Amino acid sequence: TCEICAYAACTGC
């Protein structure tokens, strides 16, 4: 999912 931190959910990024 967070392959390139694609989604807003992908925090830290």
# chains A, B, ... in the order shown; residues from 1 in each chain; ligands from 1

$ residues_around --residues "residue 1 in chain A" --least-positions-apart "5" --cutoff "9 Å" --atoms "only C-alpha atoms" --output "JSON, numbers by chain"
{"A": [6, 7, 10]}

$ write_last_selection --atoms "C-alpha atoms" --output "compact mmCIF listing (two decimals), in the first residue's frame"
# COMPACT_ATOMS: atom_id res chain seq x y z
CA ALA A 6 1.03 6.78 -1.69
CA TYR A 7 -1.85 7.25 0.78
CA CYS A 10 1.26 6.49 5.24
